[PDB]
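Everything on this sheet refers to the single structure shown next.
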Amino acid sequence: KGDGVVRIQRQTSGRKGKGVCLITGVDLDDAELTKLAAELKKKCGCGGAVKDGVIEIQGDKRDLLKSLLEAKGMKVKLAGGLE
């Protein structure tokens, strides 16, 4: 009962120096995807752009990402791992 899963990952390069955020997987209508990325770029600090299902977001706020995601009631895939 959802049809759509958003997953936010953070490919950092160390402790603190430069982190990136890639948003992809949102299985939803194409026009709907543009509305999602447009909402995050509305009040997140830096207008992020989209790229054929690939929205680039510069910021390590994965925590806030899981929140806005639970706002729609869809599923999420908080990525992670120990390295």
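Note on naming: chains are A, B, ... as they come in the structure tokens, residues start from 1 per chain, ligands start from 1 in the order shown.
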
| said: Residues near residue 31 (chain A), anyone? I mean within 12 Å using only C-alpha atoms, not counting same-chain ones fewer than 6 positions away, as a PyMOL selection string. | reply: chain A and resi 37-38+50+52-53

Which of chain A fall in alpha helix (DSSP H), as a PDB file with N, CA and C atoms, in the first residue's frame:
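Below is the file that was written, states-v9.pdb:
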```pdb
ATOM      1  N   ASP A  30       6.797  10.963 -13.110  1.00  0.00           N
ATOM      2  CA  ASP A  30       7.936  11.873 -13.415  1.00  0.00           C
ATOM      3  C   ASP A  30       7.621  13.281 -12.903  1.00  0.00           C
ATOM      4  N   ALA A  31       6.498  13.825 -13.286  1.00  0.00           N
ATOM      5  CA  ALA A  31       6.138  15.196 -12.824  1.00  0.00           C
ATOM      6  C   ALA A  31       6.147  15.245 -11.295  1.00  0.00           C
ATOM      7  N   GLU A  32       5.680  14.208 -10.654  1.00  0.00           N
ATOM      8  CA  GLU A  32       5.660  14.200  -9.163  1.00  0.00           C
ATOM      9  C   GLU A  32       7.091  14.290  -8.627  1.00  0.00           C
ATOM     10  N   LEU A  33       8.015  13.617  -9.256  1.00  0.00           N
ATOM     11  CA  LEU A  33       9.426  13.665  -8.779  1.00  0.00           C
ATOM     12  C   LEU A  33       9.924  15.112  -8.792  1.00  0.00           C
ATOM     13  N   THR A  34       9.619  15.843  -9.828  1.00  0.00           N
ATOM     14  CA  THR A  34      10.076  17.260  -9.905  1.00  0.00           C
ATOM     15  C   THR A  34       9.482  18.057  -8.740  1.00  0.00           C
ATOM     16  N   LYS A  35       8.292  17.721  -8.324  1.00  0.00           N
ATOM     17  CA  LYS A  35       7.660  18.462  -7.196  1.00  0.00           C
ATOM     18  C   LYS A  35       8.369  18.108  -5.887  1.00  0.00           C
ATOM     19  N   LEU A  36       8.810  16.887  -5.751  1.00  0.00           N
ATOM     20  CA  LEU A  36       9.509  16.482  -4.498  1.00  0.00           C
ATOM     21  C   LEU A  36      10.833  17.243  -4.379  1.00  0.00           C
ATOM     22  N   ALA A  37      11.707  17.080  -5.333  1.00  0.00           N
ATOM     23  CA  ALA A  37      13.016  17.791  -5.275  1.00  0.00           C
ATOM     24  C   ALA A  37      12.778  19.300  -5.173  1.00  0.00           C
ATOM     25  N   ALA A  38      11.743  19.790  -5.797  1.00  0.00           N
ATOM     26  CA  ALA A  38      11.461  21.252  -5.739  1.00  0.00           C
ATOM     27  C   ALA A  38      11.090  21.651  -4.308  1.00  0.00           C
ATOM     28  N   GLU A  39      10.433  20.782  -3.589  1.00  0.00           N
ATOM     29  CA  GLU A  39      10.042  21.117  -2.190  1.00  0.00           C
ATOM     30  C   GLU A  39      11.286  21.159  -1.302  1.00  0.00           C
ATOM     31  N   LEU A  40      12.159  20.199  -1.443  1.00  0.00           N
ATOM     32  CA  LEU A  40      13.391  20.184  -0.602  1.00  0.00           C
ATOM     33  C   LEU A  40      14.251  21.408  -0.927  1.00  0.00           C
ATOM     34  N   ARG A  62      21.194  13.861   6.341  1.00  0.00           N
ATOM     35  CA  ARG A  62      20.433  12.587   6.198  1.00  0.00           C
ATOM     36  C   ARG A  62      19.371  12.501   7.296  1.00  0.00           C
ATOM     37  N   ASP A  63      19.676  12.989   8.468  1.00  0.00           N
ATOM     38  CA  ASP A  63      18.682  12.936   9.577  1.00  0.00           C
ATOM     39  C   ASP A  63      17.390  13.627   9.139  1.00  0.00           C
ATOM     40  N   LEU A  64      17.488  14.836   8.658  1.00  0.00           N
ATOM     41  CA  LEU A  64      16.265  15.563   8.213  1.00  0.00           C
ATOM     42  C   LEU A  64      15.657  14.846   7.005  1.00  0.00           C
ATOM     43  N   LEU A  65      16.463  14.152   6.248  1.00  0.00           N
ATOM     44  CA  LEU A  65      15.929  13.433   5.058  1.00  0.00           C
ATOM     45  C   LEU A  65      14.935  12.362   5.512  1.00  0.00           C
ATOM     46  N   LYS A  66      15.286  11.599   6.513  1.00  0.00           N
ATOM     47  CA  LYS A  66      14.360  10.539   7.000  1.00  0.00           C
ATOM     48  C   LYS A  66      13.066  11.182   7.504  1.00  0.00           C
ATOM     49  N   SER A  67      13.145  12.387   7.999  1.00  0.00           N
ATOM     50  CA  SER A  67      11.919  13.066   8.506  1.00  0.00           C
ATOM     51  C   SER A  67      11.010  13.420   7.327  1.00  0.00           C
ATOM     52  N   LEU A  68      11.421  14.346   6.505  1.00  0.00           N
ATOM     53  CA  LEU A  68      10.579  14.734   5.339  1.00  0.00           C
ATOM     54  C   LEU A  68      10.044  13.474   4.655  1.00  0.00           C
ATOM     55  N   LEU A  69      10.825  12.427   4.625  1.00  0.00           N
ATOM     56  CA  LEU A  69      10.360  11.170   3.975  1.00  0.00           C
ATOM     57  C   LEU A  69       9.166  10.607   4.747  1.00  0.00           C
ATOM     58  N   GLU A  70       9.273  10.524   6.045  1.00  0.00           N
ATOM     59  CA  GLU A  70       8.144   9.985   6.854  1.00  0.00           C
ATOM     60  C   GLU A  70       6.959  10.950   6.783  1.00  0.00           C
ATOM     61  N   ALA A  71       7.162  12.114   6.229  1.00  0.00           N
ATOM     62  CA  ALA A  71       6.046  13.097   6.131  1.00  0.00           C
ATOM     63  C   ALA A  71       5.022  12.606   5.108  1.00  0.00           C
ATOM     64  N   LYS A  72       5.468  11.931   4.083  1.00  0.00           N
ATOM     65  CA  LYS A  72       4.519  11.425   3.052  1.00  0.00           C
ATOM     66  C   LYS A  72       3.946  10.080   3.502  1.00  0.00           C
TER      67      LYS A  72
END
```

| message | I'd like to know which residues of chain A are strand (DSSP E) (by DSSP, run on the backbone); could you write them as a list in words? | response | residues 5, 6, 7, 8, 9, 10, 21, 22, 23, 24, 55, 56, 57, 75 and 76 of chain A

Would you mind exporting C-alpha atoms of the selected residues as an mmCIF file, in the first residue's frame?
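Generated output (part.cif):
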```cif
data_model
loop_
_atom_site.group_PDB
_atom_site.id
_atom_site.type_symbol
_atom_site.label_atom_id
_atom_site.label_comp_id
_atom_site.auth_asym_id
_atom_site.auth_seq_id
_atom_site.Cartn_x
_atom_site.Cartn_y
_atom_site.Cartn_z
ATOM 1 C CA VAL A 5 10.464 4.023 -1.861
ATOM 2 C CA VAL A 6 12.818 6.969 -1.237
ATOM 3 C CA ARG A 7 16.428 6.227 -0.226
ATOM 4 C CA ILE A 8 18.932 8.891 0.888
ATOM 5 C CA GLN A 9 22.652 8.020 0.975
ATOM 6 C CA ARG A 10 25.736 10.080 1.900
ATOM 7 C CA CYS A 21 23.858 13.655 -0.821
ATOM 8 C CA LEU A 22 22.313 11.723 -3.736
ATOM 9 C CA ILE A 23 18.522 11.272 -3.921
ATOM 10 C CA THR A 24 17.260 8.499 -6.226
ATOM 11 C CA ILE A 55 18.513 14.882 -7.547
ATOM 12 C CA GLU A 56 21.830 16.326 -6.318
ATOM 13 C CA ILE A 57 21.679 17.772 -2.784
ATOM 14 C CA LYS A 75 9.013 3.685 2.805
ATOM 15 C CA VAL A 76 12.674 4.650 3.328
#
```

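Reported to one decimal place, the separation of CA of residue 3 (chain A) from CA of residue 46 (chain A) is 29.0 Å.
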